[PDB]
Structure formats: C-alpha cells, structure tokens
C-alpha cells in the first residue's frame, strides 16, 4: 500500500527509466497499483500508446487492469486505431490490447473500428500486425470483417510486400468456409500470383497448409492450372519457386516431373539446364524422382547425361547436376 509516487505517476512517463519503473511497480503490486496508474493515465492512453516508452506501460497496464478498465481504455482508443496502428510503438500496444480482450463487447468495438481500414492497415509496415493479431486471437465469427475486406482486395493484398503476410494468417486461422472463399478468388489469378514477387509465396502457402493437414483441394486445382506451363514457369524468377514447391509435394510430384518429360522433352530440359532458375528446378526434379520413382529418375537421367557436355561441365550449376546422375 506504499505509494510515495502516487499523484505524479504521469510525469514518471516522460523518461524510459520512468516507464520501466511503473512496470516493475505493476509487476510487484499490482491490482491497487492499476486502479492508480489507470485513473491517472487513461486520459493520455492514445498518446502513451504511440510513445517510445509509454506503450510498454500501456502493455503492462492491459495485462494488469480489470475488464471494465480495459473496455474504457478500448473505448478511449478506438477513435484512434488507424494512427495508433501505423505507429511503431502504437502497433505494439494495440496488438497487446487485442491479446488481452476477453468479452464480445471488446471484440465488437475493435472489429467495428478496424473494419473500414482493413485493406489499408494490411498494406502497412506496422499496421498489418494489428490485422494479423485479430486473426490470431479473435473468434472467426468476429474477424469475419477482415476476411471480407481482404477477399475483395485479394490480388492487391496478395501482391503486396505486407498484404501477402496477412493472407498467410488468414489461411492459418480461418474457417474452411472462409478459406475456401479466399482461395476460390486466389485461384482465379494463380497464374499472375505465381509470377509475382509476393503472390508466389501465397500460392506456395496454400499448398503448404494442405500438405500440413494431409487434405488436398486447391493444391490440385493449382497444379492443374499451372502444370501445362511447367517449363515456361520453371525459368521464371519467382514462378520457378512454385514449380519447385509442387515438386517437393509428394502427392503431385510425379505428375509434374512427368509434365517435364512429356511436354518439356529433351528441348525443355535443355532450357532448364542452362537457365538461372530452371537449373534449380532440374536439380530438384532429379533429386525427388531419385527418391520417389526410378523409372522417372532414369528417364530424366538419360536426357541430362548427353546434354552435360561442353562448357556446362565447368559451371557452378553444371557440377551440381553432374553430381546428381549416379545416385543408385
């Protein structure tokens, strides 16, 4: 019950060493010490949230505070979620707030506030992590808003440096109904997403998560749409990563290697040998077929061996493919 600093808690926030202190205070006190710090600081929560040290207090304050006090802090901050979210410190406090909310009124207020700005926050360096925490902590019933918003600006988000990370959370935490809708849209531009600096990552993730669950739906729909362009995509900087992902995925592996032999032929396999990215594909196709199926490995092997003549033998990738020809 020993407070010498009471009455002037707010001034202790000006310095890093002042905020660190208030937190040790909350750490050891910590109930009565919350009614205290709460009542003195509430009026500056959106200011403290976006501050270098305050925000840490706010984060301790949220763990320690009661429900009613959180609902007040939440009500006080909601008009300021956008500016809070685009902030490096603010994003941290707001994320914490979301981690701490227990009631539906709280989740209601938060989604209500964030709704109109989902796509915007989802393209933001600091903001996108607020959107991700909604996906990670809230009931699907609640974050339905995010899925709606993101499903509509689907390609915009999937092809964005940060947007693409939010899609990955959507796939992590959403309902089957929600993901299937998201994916149905994603699939409508699997071609363009595949060739994209960021979209290719989303394509790979759909495959990753199905392989995770051992239940395959869009993995097949992707492979169906893409496979006919196996070679063309194998020699693309980004698309080649998708092709390599398909190859490393056992339920679709053989068909795709078979696509290389079938419609690539000796020609397309030459292209792969000499290409900046294509050769990594060839290496993987060889590595995999080796492990998975000898007929395929042999058919591969006997086309490569004749083509591994000349200056190619001395190249970095040449040596690396040469070393993949007698593994049995």
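Residue numbers count along the first chain shown, from 1.
- Looking at mean Cα B-factors across 314-322 and 9-17, the upper value is held by 9-17.
- Stretches 234-242 and 71-79 differ in mean CA B factor, with 234-242 having the higher one.
- Across the residues 154, 125, 206, 98, the deposited record lists the maximum Cα B factor for 154.
- Ranking 296, 282, 303, 29 by the C-alpha B-factor listed in the PDB entry places 29 at the top.
- Ranked within its chain, residue 267 lands in the highest third, by CA B factor from the PDB record.
- Compared with the other modelled residues of the chain, the Cα B-factor recorded for residue 55 ranks in the highest third.
- In this PDB entry, residue 41 carries a Cα temperature factor that places it within the highest third of its chain's modelled residues.
- Among the modelled residues of the chain, residue 103 sits in the highest third by CA temperature factor in this PDB entry.
- Per the deposited record, the Cα B-factor of residue 261 falls in the lowest third when ranked against the other modelled residues of its chain.
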